[PDB]
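*Asks:* Structure here, sequence nowhere to be found:
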Ligand SMILES: CC(C)[C@H](NC(=O)[C@H](Cc1ccccc1)NS(=O)(=O)c1cc(Cl)cc(Cl)c1)C(=O)NO
Ligand SMILES: [Zn+2]
């Protein structure tokens, strides 16, 4: 999924390893392009939210076990290189699963829609769904991306999937899509129970955020106002509490949104940019929104292809269905007050590996998830404050 092994020292080439500028909407950061439309910034997130980078503890913080605040984490290149080697490992772990592979494939193909012109006859990029890659002469070159994995802000364990919005457009909830930024650290993990029993496999924590970007990438995210959205996303049993006629009500709201995309494309006459033709980008979305193309060359939304895509995105792609595939132990519900944050290093193949995570085959750890047990495997889990 990441073809070439990256080191943080590896020289910039302005193609994959580059100094880049986030929409603000400031200074350039080293960032790696581990796959089409996926970039990884080994820095703390002091960029996405105007001056939310004091990066130093609040007046009174939640402490154990919800908030962690080290002002120094992800400052050393040695940590940044371990980070990228961290995140690259969880992606391949995720890719090794038939379901993570389909998911990233769903993430990579989910190009944020080109709905950036006030006109309705013209395709135009929404610069918020783009980064600025610095070229040799200091100048910047807009690149389109779907996903950025950047490290956390002040609270190190406050992992989330956020996105830049619009003056009028809800980009995650109108079928269009929006570049997704995932705050994440594979150098820490949350302990749960069912004495302090076990510990979350960071691939599960990562897979959770990729579910979320997926929903937002395809514009079928549920308004934040437990959230319905997190409920769809963790899956399992607690995904029955959802009024099915609030699920019907949405599975129809994002069909009529997908039909309004198909309209916008059919009515498109011009397009903006040097990059790509009106026809290249119409096939691009005709590939995203699995549209259908009659002889005239007018897109329609197939109610059947849309229903499998919506099913795959919303109820096939779930934390719960991920722990099936990962043969791991995970909180069976979203209400298991993780009563610790642990220090970890999943990079070494003796610590943790793509195929079995912490629960190493041919070891004591492969049974009753003894790899995940904070007691048995005390080396790999050091409780913090
Ligand atoms: C880190 C990540 C897993 C994240 N979860 C949180 O923010 C939870 C919120 C929450 C609320 C209710 C139940 C479960 C989770 N924060 S937390 O994971 O730090 C947490 C939750 C609880 Cl209930 C207690 C504690 Cl001490 C910490 C998330 O899902 N991003 O998409
Ligand atoms: Zn969630």
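*Replies:* All right, it came through fine. Numbering: from 1, shown residues only. Ligands and ions are numbered 1, 2, ... in the order given.

*Asks:* so where do the helices sit in the stretch 101-250 of the chain?
*Replies:* 202-218, 228-234, 244-251 (DSSP state H, counting those that start in this stretch).

*Asks:* Give me the residues contacting the shortest one.
*Replies:* Read that as helix 228-234. 208, 211-212, 215, 221-223, 238-239, 241-242, 246, 314-315, 318-320, 333-334 (C-beta atoms under 8 Å, 6 or more residues apart in numbering). C-beta coordinates here come from the backbone N, C-alpha and C atoms, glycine included.

*Asks:* Give me the buried entries from the residues you listed.
*Replies:* 208, 211-212, 215, 221-222, 238-239, 314, 318-320 (16 or more other C-beta atoms under 10 Å).

*Asks:* Can I get those in a markdown table including distance to ligand 1?
*Replies:* Formatted as a markdown table, those follow (distance: C-beta to the nearest ligand atom, whole Å):
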| residue | distance to ligand 1 |
| --- | --- |
| 208 | 5 |
| 211 | 8 |
| 212 | 6 |
| 215 | 11 |
| 221 | 12 |
| 222 | 13 |
| 238 | 10 |
| 239 | 14 |
| 314 | 15 |
| 318 | 12 |
| 319 | 9 |
| 320 | 13 |
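
*Asks:* which element is residue 341 on?
*Replies:* Assigned by DSSP states H and E, residue 341 belongs to strand 340-343.

*Asks:* Comparing the helices of the stretch 101-250 of the chain, which comes out most buried?
*Replies:* Mean neighbour count (mean count of other C-beta atoms under 10 Å) peaks for helix 202-218 among those, with a mean of 25.

*Asks:* now for that one, which elements pack on it?
*Replies:* helix 77-96, helix 98-108, strand 147-151, strand 160-162, strand 180-183, strand 188-191, helix 228-234, helix 319-325 (3 or more C-beta pairs under 8 Å, 6 or more residues apart in numbering; DSSP states H and E).

*Asks:* Residues of the chain that sit close to ligand 1?
*Replies:* 65-66, 157, 159-160, 205, 208-209, 212, 230, 334-335, 337-338 (C-beta under 6 Å from any ligand atom).

*Asks:* now, among these, which is nearest to residue 269?
*Replies:* Among the residues of the chain next to ligand 1, residue 212 lies closest to residue 269 (C-beta to C-beta), at 35.2 Å.

*Asks:* The closest one: what's it in contact with?
*Replies:* Contacts of residue 212 by C-beta under 8 Å, 6+ apart are 160-161, 180, 182, 221, 229, 233.

*Asks:* The residue of the stretch 1-150 of the chain found nearest ligand 1: what secondary structure?
*Replies:* Across the stretch 1-150 of the chain, the shortest distance to ligand 1 (C-beta to the nearest ligand atom) belongs to residue 66, at 3.6 Å. At residue 66 the chain is in coil, as set by DSSP: H, G, I helix; E, B strand; the rest coil.

*Asks:* Pull the contacting residues for it.
*Replies:* By C-beta under 8 Å, 6+ apart, residue 66 lies in contact with 157, 338.

*Asks:* For residue 270, what are phi and psi?
*Replies:* Backbone torsions of residue 270, given as degrees, to the nearest 10, read phi -110, psi 170.

*Asks:* The residue nearest to it when sequence neighbours are not counted: neighbour count?
*Replies:* Spatial nearest neighbour of residue 270, excluding adjacent residues (C-beta to C-beta, 6 or more residues apart in numbering): residue 122 at 4.4 Å. A count of neighbours around residue 122, defined by other C-beta atoms under 10 Å, yields 17.
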